[PDB]
Amino acid sequence: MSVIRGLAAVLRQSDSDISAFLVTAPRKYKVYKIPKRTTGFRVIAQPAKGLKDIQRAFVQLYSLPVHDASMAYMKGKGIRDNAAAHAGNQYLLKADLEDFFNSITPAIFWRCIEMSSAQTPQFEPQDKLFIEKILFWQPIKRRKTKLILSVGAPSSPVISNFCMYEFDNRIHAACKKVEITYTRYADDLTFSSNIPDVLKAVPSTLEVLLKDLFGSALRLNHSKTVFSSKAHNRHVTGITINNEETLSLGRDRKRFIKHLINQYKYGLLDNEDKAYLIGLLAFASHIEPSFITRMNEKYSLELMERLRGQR
Amino acid sequence: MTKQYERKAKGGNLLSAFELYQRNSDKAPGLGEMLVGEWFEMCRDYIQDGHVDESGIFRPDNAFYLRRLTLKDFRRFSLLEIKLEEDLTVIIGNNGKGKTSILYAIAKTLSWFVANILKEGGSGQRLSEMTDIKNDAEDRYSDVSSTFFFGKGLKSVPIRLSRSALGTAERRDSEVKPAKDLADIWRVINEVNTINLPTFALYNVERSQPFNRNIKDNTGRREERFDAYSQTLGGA
Amino acid sequence: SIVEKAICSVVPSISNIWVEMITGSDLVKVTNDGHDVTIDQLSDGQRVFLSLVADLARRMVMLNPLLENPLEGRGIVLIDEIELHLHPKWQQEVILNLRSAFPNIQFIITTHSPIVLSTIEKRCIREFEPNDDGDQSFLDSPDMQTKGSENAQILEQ
Amino acid sequence: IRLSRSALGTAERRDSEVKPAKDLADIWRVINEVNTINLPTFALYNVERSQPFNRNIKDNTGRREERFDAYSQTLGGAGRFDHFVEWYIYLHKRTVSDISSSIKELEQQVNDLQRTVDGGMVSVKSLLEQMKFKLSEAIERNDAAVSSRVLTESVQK
Amino acid sequence: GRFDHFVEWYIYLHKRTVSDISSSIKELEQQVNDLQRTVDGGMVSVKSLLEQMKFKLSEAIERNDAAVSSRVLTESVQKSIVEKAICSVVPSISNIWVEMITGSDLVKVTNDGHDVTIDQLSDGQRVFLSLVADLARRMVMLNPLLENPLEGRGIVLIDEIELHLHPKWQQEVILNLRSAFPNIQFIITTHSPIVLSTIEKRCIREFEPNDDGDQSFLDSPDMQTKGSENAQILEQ
RNA sequence: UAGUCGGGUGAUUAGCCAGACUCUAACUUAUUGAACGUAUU
Ligand SMILES: Nc1ncnc2c1ncn2[C@@H]1O[C@H](COP(=O)(O)OP(=O)(O)O)[C@@H](O)[C@H]1O
């Protein structure tokens, strides 16, 4: 029974129950809007609890290959590693893909399964429909053919990382030859090098590789292709890179944190802002450990200790 | 949420301040007076702040100009980028190189700003599906991406005009929402309290037409202020 | 008064502009080279430039009521072939006059003339490579400093 | 149904609410398309109704006959009396002539040209490319006249 | 100039070149021969209302002798002359023809190796193309008795000959016009010294800078403009 | 010169002080989901 048998063995449920559940599974999604940070809203499709558990079990059962250049949605790796990969360089070529998650269709997934250069788990032809129903979301009730990955789902990140495995491999191989390091936080192609005038040809390589692999399904966002140098601001996925080639939160965010700590010093900070400040300080300690020491020196050690609390 | 918008607005962001002002105004009159609020004053100061420099010219605190223009499969350009200057940009070349095309694309982009200043959610001009797309092409669609600068509070206003060729099953859409948001800010702040509005004009080859005052031109009372946006990007 | 001052300052030949009501059709008169002439007897080159300047000044004045000088308001103006119907003497000062009258306007301009380029900084010029078919990306400024240079040198380089 | 307009530069718009009217008219149109029904007559007659009659009428034959021509310029304020004259003359022409013979000669040219089809050229389609289905379309257009549908020309007149 | 008239005339020429009269008059004769034998026995009802085409045969006989009696050039010859006049004068245009795209016939040109249509032409190329095309059409239509109708008498007045023209094109706009139309007296006005560098000093009439209209004669410049430097012509 | 980086002061997102950089060239973004940091645990 293959996939359904393993899902039943993991969920401790009968095959009939799971099979009946996986009939309108591409449709069992709750969609909502979250507020954008400046203005507008973002639409997210989140599956139901049962489908979420099914997707988690399917993800843990089958291990799809991922590349080392990818930095999103893996254990032990995240924003700090992605920023530190290009920390010591001089020039960067942050680029983005156009509608990355909703451009992935079951056709793309099955095309990537067969031609993957690394090991790929064997899916029987009988269970491919169940795979499509488990992994993919179906917007528009009337259209049963439109199946896309939903940004935000227990299974979408790993599928998205796997679908770009060949792209990541080929891009990394091309970039290492020309002394360019490449990382991708699942939508942010980051290229950096110390050689001048070497990043100009990278976007054309990206376009031709995307056309070769995904055809017209995946495209670059030309408005999101940015060239930066030490003469201008340099930040990778939220972490500023200094002219001293070290990670930083940015001067503005550091001054904001300083103002928050000063407000806490005179007791003008409420509980919500206090919790936000504690979270920001933990994130800063993760990203910029020296900032915590500087704040301890500036605002005394006892004030900081009382602010972060004790165990 | 209100807390995040307040944190961003007190830092100088204009979009967050306008969002806070709108959410206060549309609420009960306890927090919404349509004006005389912190966020409305922040927005109007952001729009209206300036100082007279050493030469006697008023310089606004937050200048407005176009930063980048990208032309993808537009007329003769497969993919072109420009780095428009803050004060004066000159485009030179032989005949049939695309300078008029660049000006035409910029005017089409500015038409959305003009329309949404005049009219809420107004529709600007769109790329032609018969002539604007490159004849050779590979996907039979064209994109015109623009980024605008409106001070440190609004460092980027990305607007993209897209059109697909005739007889294409897949039609490409335009991303014009940020221009609508900025023009909504301008229009709402102006109606609540008069502010200085930007000028968008195009003077193409359609100028130099003969004669003047051809007809009485019953067209909308030239005296009223918003008559300055009428046919402003028409070319003549 | 503001519109009249702008028109007289930018357009070189025009010294004054006003409206006559006697002969009771309403008509606008200008002064070209010391001669009072009506608006319809202008030449192509003094009427086109005056039309551009007058329209821009009207829009600036109407859209900037809270400015001491409304022409100092912000905006974007697109001009195609600025040297249209202009003698080489006029081309030597059109850019300077436009930039002086409207200092906060972002001017994006195309031209076929070294005379106009002689009054423009090298950094403000975006040139097309002569052997280009549309595959070139991210236009560049020229190498030779056009501002204050010889017209023949600008034609050469 | 509400017809709304707002001034330029207002922070919020005032839009029309013509959806119920569109729904009722969609009901009318769809029902009529599937099966012919009686339609309402909307007309407006202003003081421009008093205009001189210009003797002869432009012979723009081909459009005064269709049913939906009754809505052409129906709310312009002046009735299309020239359209009425053309329609009335058309009805008279179909009553005094073209109806005593009815479909007697129109189908005869097919048999007559069958001689050229058989004993003339090997195959003839260029000479008989229109009337063969023109007779069929005339029949399916006059089926309304011959049934409990669109009235005959004589009774209309 | 009436460029729309030129486009209609050019499409007429293309249609009558691809159709011709020898492929229609013989068909009319064959149809008449078939029908007359068919109606030989009787029942002339198949010809009474078909007599319209038989009379149109004689109508087509008319208006065709005028094409033989007036010694007018062949439509293909006129098309070739107009095409070679257009391509040899306009630098960017390589060839011009008519295609039946989606039924309608539209004129296409070749600019820098690409096959854009007329509506996609830039203003600099389109205006010069319209001028040369209208002049060539008028010369061909008014000079039917010449081997080359472009070598005919006439007086052509052009204002601002360098209009919309790049300086590279101004160096060859006078020579091309003179070579294409040798027997026309050209009276032109210009604002560019690049054009004057290709013109004899004897052919130039100048207005003095200090001139309010009291002068009585237009003199030639003292310096020889032909073959001179651009700076020298600008200065003297 | 701009612009950028950000060590310090500053009831502190502002202002100021010192220092530094400059491929034609950042524009700081998104949750409840995924991973990361932190806290309970
Ligand atoms: N859709 C198109 N596809 C390909 N080439 C085009 C298209 N539209 C115009 N062109 C070409 O691109 C040029 C456009 O000219 P234009 O933008 O007016 O330039 P300029 O102002 O420099 O003369 C011409 O050479 C024209 O033939």
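A short reminder: the numbers here are calculations on the coordinates, not readings from a lab. Note that we place each Cβ from the backbone using ideal geometry, even for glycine, and neighbour counts take in every protein chain shown.
Points 7 angstrom from Cα along the Cβ direction at A:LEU303 and A:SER19: gap in nanometres?
6.8 nm
If we sort B:198-206, E:219-227 on the protection proxy, mean other Cβ atoms within 10 Å, highest first, what's the order?
B:198-206, E:219-227
If every alpha-carbon in region A:49-206 counts as one equal scatterer, what log10 I(q)/I(0) does Debye give at q = 0.12, 0.13, 0.17, 0.18 1/Å?
So the normalised log intensities are -0.58, -0.66, -1.03, -1.12.
Starting from the alpha-carbon convex hull of the protein assembly as shown, give the projected area averaged over all orientations, in nm².
64.8 nm²
Need one word for chain A: rounded, prolate or oblate. Basis is the Cα gyration tensor (sqrt eigenvalues a ≥ b ≥ c); a/c below 1.5 gives rounded, then a/b vs b/c decides.
oblate
Whole-Hz ³J(HN,Hα) for each residue in region C:106-119, computed from phi via Karplus 6.51 cos²θ - 1.76 cosθ + 1.60 with θ = phi - 60°, x for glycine and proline: what do you get?
7, 8, 10, 9, 10, 7, 10, 6, x, 5, 5, 5, 5, 9
Residues of region C:61-78 with the amide nitrogen closer than 14 Å to a label point 7 Å from the Cα of C:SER9, along Cα-to-Cβ, please.
Residues C:61, C:68-73 fall inside that zone.
Enumerate the amide H contacts of C:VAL37 below 5 Å, restricted to partners 5 or more residues apart or on another chain; note that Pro and chain-start residues carry no placed amide H.
C:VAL30, C:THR31, C:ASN32
Can you give the local net charge around D:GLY77? Use residues other than it whose beta-carbon is closer than 12 angstrom to its beta-carbon, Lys and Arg +1, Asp and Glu -1.
Around D:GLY77, the surrounding residues sum to +1.
Each residue of region C:80-92 in order: what ³J(HN,Hα) in whole Hz does its phi give by Karplus 6.51 cos²θ - 1.76 cosθ + 1.60, θ = phi - 60°, with x for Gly and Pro?
10, 6, 4, 7, 4, 6, 9, 5, x, 5, 6, 5, 6
So what are the ³J(HN,Hα) numbers for region B:157-168, from phi and the Karplus equation (6.51, -1.76, 1.60; θ = phi - 60°), rounded to whole Hz, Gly and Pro as x?
Whole-Hz 3J(HN,Hα) from phi for region B:157-168: 10, x, 10, 10, 9, 10, 8, 9, 6, 4, x, 10.
Which whole number gives the average, over all residues in B:72-83, of C-beta atoms from other chains lying within 10 Å of the residue C-beta?
For peptide B:72-83, the averaged partner shielding equals 5.
Whole Å is fine, so just give me how far the alpha carbon centre of region B:106-159 lies from that of region B:55-74.
Going from one Cα centre to the other spans 15 Å.
Excluding the sites themselves, what is the longest stretch of chain D that contains no chymotrypsin sites (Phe, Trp or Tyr not before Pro) in a DSSP loop with at most 13 other C-beta atoms within 10 Å?
Segment D:54-157 is the longest.
In a shell of Cβ-Cβ distance under 13 Å around E:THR189, excluding E:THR189 itself, what net charge do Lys and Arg (+1) and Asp and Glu (-1) give?
Surrounding charge for E:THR189 is -4.
Highest first, please rank the peptides C:95-105, D:113-123 by the mean number of other Cβ atoms sitting within 10 Å of their residues.
Order by mean packing, descending: C:95-105, D:113-123.
Over region A:16-159, what is the relative contact order in percent, taking alpha-carbon pairs closer than 8 angstrom and at least six residues apart?
35 percent
At a Förster radius of 30 Å, what calculated FRET efficiency corresponds to the Cβ-Cβ distance of A:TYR62 and B:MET1, to the nearest 0.05?
0.20
Just report the Cα centroid separation between region E:18-62 and region C:95-121, whole Å.
When both Cα centres are located, 70 Å separates them.
In percent, how large is the relative contact order of region B:1-95, given Cα pairs closer than 8 Å and 6 or more residues apart?
Relative CO of region B:1-95 lands at 14 percent.
Would you pull out the residues with amide H under 5 Å of A:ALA48's amide H, same chain only if 5 or more places away, H placed 1.01 Å from N?
A:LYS30
Tell me, Kirkwood radius of region D:10-77 from alpha-carbon pair distances, in Å?
15.9 Å
With the crude spin-label approximation of a point 7 Å out along Cα→Cβ, what separation in nm comes out for C:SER141 versus D:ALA138?
Taking the two extended label points, one gets 7.9 nm.
Show that you can apply the helix-only estimate: for the protein assembly as shown, add -39,500 (n - 2.57) for every DSSP H stretch of four or more residues, divide by all residues, and state [θ] at 222 nm to the nearest 500.
Roughly -11500 deg cm²/dmol at 222 nm, from the helical runs in the protein assembly as shown.
Going by average Cβ neighbours within 10 Å, how do the peptides B:34-40, B:96-102, A:11-17 rank, with the highest at the top?
B:96-102, B:34-40, A:11-17
Would you pull out the residues with amide H under 5 Å of B:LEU79's amide H, same chain only if 5 or more places away, H placed 1.01 Å from N?
HN-HN under 5 Å from B:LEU79: B:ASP73.
What angle, in degrees between 0 and 90 and rounded to the nearest 10, separates the Cα long axis of helix A:165-177 from the longest principal axis of the Cα atoms of chain A?
Between helix and principal axis, roughly 50 degrees.
So which helices of chain B fit the span-like rule, where a helix is a whole DSSP H run, its Cα atoms reach 24 Å or more along the axis, and its mean Kyte-Doolittle is at least -0.5?
Passing helices, by number: B:99-118.
Taking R0 as 56 Å, what FRET efficiency do you get between E:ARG16 and D:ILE27 from their Cβ-Cβ distance, rounded to the nearest 0.05?
Once rounded, the FRET efficiency stands at 0.55.
Where a Cα-Cα gap under 23 Å defines reach, which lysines qualify for B:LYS152, not counting those fewer than 8 residues away within the same chain?
A:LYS36, A:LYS94, A:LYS224, A:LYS230, A:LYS254, A:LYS258, B:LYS3, B:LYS8, B:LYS10, B:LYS83, B:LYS177, B:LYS180
Taking each residue in C:45-51, count the Cβ atoms of any other chain within 10 Å of its Cβ, then average. What number comes out?
Averaged over the peptide's residues, the number is 3.
Using alpha-carbon positions, what is the distance between the centroids of region E:161-236 and region A:89-159, in Å?
69 Å
Between the helical axis of A:251-265 and the dominant principal axis of chain A, each derived from Cα atoms, what acute angle in degrees is found, rounded to the nearest 10?
70 degrees
Within 9 Å, Cβ to Cβ, of B:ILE91, how many net charges do the neighbouring residues add up to if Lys/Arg are +1 and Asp/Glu are -1?
Once positives and negatives cancel, what remains is +2.
If you fit an axis through the alpha-carbon atoms of helix E:123-142 and take the longest principal axis of the Cα set of chain E, what angle between them do you get, 0 to 90°, nearest 10?
For helix E:123-142, the angle is close to 60 degrees.
Mind checking which helices in chain D clear 15 Å along their axis (Cα) and have mean Kyte-Doolittle hydropathy of -1.0 or more, DSSP H runs only?
Qualifying helices: D:19-34, D:81-96, D:131-146.
So if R0 is 30 Å, what FRET efficiency would D:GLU107 and E:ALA60 give, r being the distance between their Cβ atoms, rounded to the nearest 0.05?
0.45
Sticking with the crude label model, points 7 Å out along Cα→Cβ, report the distance from D:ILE57 to D:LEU3 in nm, one decimal please.
Once both label points are built, they end up 3.0 nm from each other.
Please state the relative contact order of chain D as a whole percent: Cα pairs under 8 Å, 6+ residues apart?
17 percent
Please compute the average number of Cβ atoms from other chains found within 10 Å of each residue's Cβ in peptide B:225-232.
Per residue, the average neighbour count from other chains is 5.
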